[PDB]
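Trainee: just dropping in an experimental structure and the matching sequence.
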4 protein chains.
Amino acid sequence: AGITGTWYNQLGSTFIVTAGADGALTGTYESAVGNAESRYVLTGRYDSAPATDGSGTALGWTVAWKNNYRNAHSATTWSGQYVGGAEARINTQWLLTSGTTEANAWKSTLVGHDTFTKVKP
Amino acid sequence: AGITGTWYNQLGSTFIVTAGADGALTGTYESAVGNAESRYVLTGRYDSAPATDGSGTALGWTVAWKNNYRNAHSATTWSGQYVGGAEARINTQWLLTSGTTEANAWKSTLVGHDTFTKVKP
Amino acid sequence: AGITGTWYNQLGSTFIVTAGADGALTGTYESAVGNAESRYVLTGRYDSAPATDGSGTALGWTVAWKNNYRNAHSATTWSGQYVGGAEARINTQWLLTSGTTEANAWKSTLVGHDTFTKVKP
Amino acid sequence: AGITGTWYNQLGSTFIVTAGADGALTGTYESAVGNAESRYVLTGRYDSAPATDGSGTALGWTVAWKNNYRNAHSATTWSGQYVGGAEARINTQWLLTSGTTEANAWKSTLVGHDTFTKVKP
Ligand SMILES: O=c1[nH]ccc2oc(-c3cccc(C(F)(F)F)c3)cc12
Ligand SMILES: O=c1[nH]ccc2oc(-c3cccc(C(F)(F)F)c3)cc12
Ligand SMILES: O=c1[nH]ccc2oc(-c3cccc(C(F)(F)F)c3)cc12
Ligand SMILES: O=c1[nH]ccc2oc(-c3cccc(C(F)(F)F)c3)cc12
């Protein structure tokens, strides 16, 4: 609430989240454009009693890249903070782990960053 | 199932998780001391239909470090895979974001790696 | 140059680097944040024969945060790629490890992302 | 400093390094079977005046995966600390960036961890 609603990253993904009063994040992450085949469940957690000192609100969530259509055998977690105000943002770093054999585990995890805005690009 | 159970990391943290038929992860994360003040909710997702080629099962979860007793204004995400068989393990890397001001955002996020076993370390 | 030149990140740190014919990076780094004063030595490596397919040029470098003035007992590595163009950029992610006791090792390493251009924000 | 010499990671790689009086790390990194084709230049930095409170020694280094024989168009940086004493260790986290097109940049960077010892695994 501040967090609840629709967010857009800088690469074409959208998600919709509900931030519950108990610290829950629940919603849907859509990897592209608009199609059902590109929508996935997301769940996570956030600090439901953040500071009001100019600090962001810590949070994180997961998407496992399986839906009824597709399965990439991988999951992303985003860890970051919500920054409110007129130009609100969710600033994140993420980890994308694929299921691998033990021989390939060294190359199982990508890292990157995403910034989400409320304003549809 | 494989995933469902009680896991421990190398620093004794206790991760009590249930893997639901839908890809859901739910449970609690706590200290080796086992006190209520050290116990926090988690939620996450896993690949409920992993590959059949020997690969692990991708998964992730989040803990926001607030409970009824304490608030660190912080959240951790773990991204990793479950590896089944002879001795089951969950290998992860994690991101811990604390709320910061914008000027301090460059130092908001720690990274590390945790390995979980069904035995204590 | 290409890579050789004076670059600035989104915080205004100054990265003065020379790319040698032998694949070496050498130069100085001056930070806009943290326990840092004046310049610090850097060294690194870059791909001196990048792909010709439109991909960027992979590179990395290290700064240990000790100079003749101050010592923060820590080191940052930046891993990334140079992207040529009308506004050339070096896009990185970085790891900042501090020397810690073993008890504190779990919190030894910060992660982030820096973007460098030849223009100071 | 305790750093100069040959180090081995968990997975078959060998680190030969000299820690100079100027805070420089210089050497080679071999992925190998043990052969010249598997050997790559490394350079980095370390804290040459670490804390005396029992903390480790911060360091980092880079290898670009090009030698006279091959070129993976990628570079790894290791960020970590040397822990001395009876069973000395270099504990690291690493970032491997490949040169990519901008469309592929989200999948440019792998993350992981390596532990180096004085004796072979
Ligand atoms: O918007 C994002 N931000 C950070 C990471 C990330 O990964 C994806 C993504 C979406 C669909 C499939 C897959 C893969 F790789 F096949 F598993 C990954 C989207 C996205
Ligand atoms: O088992 C772990 N593995 C990775 C990260 C991590 O953080 C904690 C932890 C627990 C309580 C509070 C806090 C803090 F920092 F104040 F936010 C962190 C446990 C744990
Ligand atoms: O420009 C940057 N980009 C990414 C990381 C980073 O760290 C520093 C930095 C500079 C001086 C001291 C320290 C600390 F924390 F005390 F060790 C860190 C600058 C900088
Ligand atoms: O020992 C290690 N520890 C962490 C990372 C890492 O990457 C390599 C490595 C070696 C040769 C080629 C390549 C690639 F992928 F083609 F660029 C990577 C070795 C190594």
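Mentor: Right, received. Where do you want to start? Numbers count the residues shown, from 1 in each chain, chains lettered A, B, ... in the order given. Ligands and ions are numbered 1, 2, ... in the order given.
Trainee: so which strand or helix has the closest residue to chain C within chain A?
Mentor: Among all residues of chain A, residue A:113 sits closest to chain C, at 4.7 Å; criterion: C-beta to the nearest C-beta. Quick note: C-beta positions are derived from backbone N, CA and C, even for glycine. Assessed by DSSP states H and E, residue A:113 sits inside strand A:109-117.
Trainee: returning to what we had before: isn't the residue of chain A closest to chain C right up against residue A:95?
Mentor: No: Residue A:113 lies out of contact with residue A:95 (C-beta atoms under 8 Å); the separation is 10.7 Å.
Trainee: these two: which has the busier surroundings?
Mentor: More neighbours surround residue A:95 than the other of residue A:113 and residue A:95, with 26 against 20 (other C-beta atoms under 10 Å in any protein chain shown).
Trainee: just say helix, strand or coil for the nearest residue in space to that one that is not next to it in sequence.
Mentor: Counting by C-beta to C-beta, 6 or more residues apart in numbering or on different chains, residue B:79 is the residue found nearest to residue A:95 once chain neighbours are left out, at 3.6 Å. Put simply, residue B:79 is strand when judged by DSSP: H, G, I helix; E, B strand; the rest coil.
Trainee: what's around residue B:79, how many residues?
Mentor: 30.
Trainee: for residue A:111, name its beta-bridge partners.
Mentor: Note on residue A:111: beta-bridge partners by DSSP bridges are residue A:95.
Trainee: where exactly do the strands run in chain A?
Mentor: A:5-8, A:14-19, A:24-30, A:39-46, A:57-66, A:71-83, A:89-98, A:109-117 (DSSP state E).
Trainee: can you redo the ones you listed as CSV with distance to residue C:13?
Mentor: CSV is the format used below for the strands of chain A (distance: least, C-beta to C-beta, whole Å):
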stretch, distance to residue C:13
strand A:5-8, 29
strand A:14-19, 32
strand A:24-30, 33
strand A:39-46, 31
strand A:57-66, 25
strand A:71-83, 22
strand A:89-98, 19
strand A:109-117, 17
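Trainee: which of those sits closest to ligand 1?
Mentor: strand A:71-83 (3.1 Å; C-beta to the nearest ligand atom).
Trainee: that closest one close to ligand 2?
Mentor: No: taking C-beta under 6 Å from any ligand atom as the criterion, strand A:71-83 and ligand 2 are apart, separated by no less than 10.5 Å.
Trainee: spell out which residues of chain A are next to ligand 1.
Mentor: Residues of chain A lying near ligand 1 (C-beta under 6 Å from any ligand atom): A:9, A:13, A:31, A:65, A:72, A:74, A:76, A:94, A:96, A:112, A:114.
Trainee: which residue of chain A sits farthest from its center?
Mentor: What lies farthest from the middle of chain A is residue A:103; by C-alpha atoms, centre = their mean that is 29.0 Å.
Trainee: and it, how far is that from ligand 2?
Mentor: Counting by C-beta to the nearest ligand atom, to the nearest Å, the gap between residue A:103 and ligand 2 amounts to 26 Å.
Trainee: ok, what's across the strand from the closest residue to ligand 2 within chain A?
Mentor: Closest to ligand 2 within chain A is residue A:58: 8.4 Å, counting by C-beta to the nearest ligand atom. Under the criterion DSSP bridges, residue A:58 forms beta bridges with residue A:81.
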